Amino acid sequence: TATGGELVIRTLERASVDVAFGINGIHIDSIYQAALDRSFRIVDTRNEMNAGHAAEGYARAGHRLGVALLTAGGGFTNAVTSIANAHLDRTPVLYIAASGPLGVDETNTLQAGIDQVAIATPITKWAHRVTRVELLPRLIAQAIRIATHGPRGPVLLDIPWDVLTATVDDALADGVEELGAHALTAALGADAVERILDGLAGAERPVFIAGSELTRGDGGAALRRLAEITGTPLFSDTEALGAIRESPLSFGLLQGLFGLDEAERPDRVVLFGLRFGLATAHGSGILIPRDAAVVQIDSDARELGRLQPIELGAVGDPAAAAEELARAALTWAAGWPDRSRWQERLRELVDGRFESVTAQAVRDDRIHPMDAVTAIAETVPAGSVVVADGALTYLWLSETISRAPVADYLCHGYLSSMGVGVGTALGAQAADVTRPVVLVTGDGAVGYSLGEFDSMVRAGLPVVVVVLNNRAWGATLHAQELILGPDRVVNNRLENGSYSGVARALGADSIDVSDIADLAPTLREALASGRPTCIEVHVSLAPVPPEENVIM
């Protein structure tokens, strides 16, 4: 005899998940009861929105499946921003949402009468309602297989209250559904491996660029090895920075490719799990030349050649491909040409840009954001997770993050949803409570999730939230003031409030920083203290980050 909720927890244990995020409710309580009996950890939040974002950050920093538990009705709809974000970011998250009882379908009853499946269908890989309790293990397994294979993404399983409370025979609870233990991701074949390596061997100025899919499959070690065997410079979007950072061949974020002379532009570019899109400057060719030979490895054929021509596309798992390529490159009969001059030209370009951005900063009476994000980048411990939110804030941080020794940099995806950072950081912290998690966020974004300071305190999750306070919704203010004029700024000033005060009232440690020389020492004491912390930094609004310009 086992309840539906017991069947959920048992199947999740078999998938090696040991934490889920949610807010309790009567519709979903049989899962909470089962979890208590099996010592399965559920971390509560102050908004289901951040239970979802926590599931994402846990998945992104933990390189694993995240799980969010949502009660019926508003517990589901509050998570929809997180589902959409996981959808565009290709993040493997299983959302388990309870529903109204089928036995009282269409009775205008509590938290019921909304088609949660239909709401989530456009932003999930699969969304499905379980209508009988005996299906639960089989259907959960199917959901887990879909979310954790490429392109990874979110799955919603909607479970009616009276399916969760129904019971099944122990033999039905027993037995194993395929979760992924026996599953092998697609590789590259030997002919493809030989052709890709041969193109790489013929290039004058090649470059590798990694994206989220390589990170999700733990292909960092194999891609770094392949770059090191072949001497190929390694770049990445923000989601794969942690995967390339350790390599002496890492040059950081691919935005640093901007600005080479026309005769020095890369002639060959091999993409591992990176789509054409916002991070590549679309198909404009200013990072990845349109006339380069582009080789694209991705899990979805719709992405191949999407915005610019490719010489070769391969549909398959970028991590598995990096491993096959690394093995064949080690025994490559001709060996690999010396690429040290090309590597050095790239080092100059990327170091030159950092030195210029820092030197060109015009400082006023407040902390310059470049100073603040340099201080933070140069202070975090090796192995830290850095999470970024706000807009001017993350554009500034993007100029220095490539130098930080991060295990993972968790920044905005295409959804670019101001406000996701606090719940993202909280979940990343839960993937390893001993690993530092530093959230760099703006004063606008942080106001979405102030209540989660209480969640961090009660769960023992010692995130350090650094607020860059420019008293404004900053990038949107900039758009009006720079395009249309100072008289055209409207609905963007935020000249009120103390975020450190808010964090203090919620039990977190808190400090204001007005002088740049206090910032790094305060961040160090925050990391040493083992406690959730808010550091409010009073930064200047006027400076325009370089990535804002190249978009202008």
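When you see a residue number, it is the position in the sequence shown, counting from 1.
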Report summary line: Per the PDB entry, mean CA B-factor is higher for 187 to 195 or 443 to 451, namely for 187 to 195
Query raised in the report: Averaging C-alpha B-factors over each stretch, which comes out higher, 175 to 183 or 152 to 160?
Result: 175 to 183
Query raised in the report: Going by the deposited entry, which of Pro381, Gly242, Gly73, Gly103 has the highest CA temperature factor?
Result: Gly103
Query raised in the report: If you compare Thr476, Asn470, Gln116, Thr124, which has the highest Cα B-factor in the entry?
Result: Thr476
Query raised in the report: What third of its chain's C-alpha B-factors does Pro543 belong to: lowest, middle or highest?
Result: highest
Query - Ranked against its chain, the third holding the CA B-factor of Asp509 - result: highest
Report task. Grab the CA temperature factor for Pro462 from the record and place it in the lowest, middle or highest third of its chain. Result -> middle
Query raised in the report: With respect to C-alpha B-factor, does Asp515 fall in the lowest, middle or highest third of the chain as deposited?
Result: highest
Query raised in the report: For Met49, does the deposited CA B-factor place it in the lowest, middle or highest third of the chain?
Result: lowest
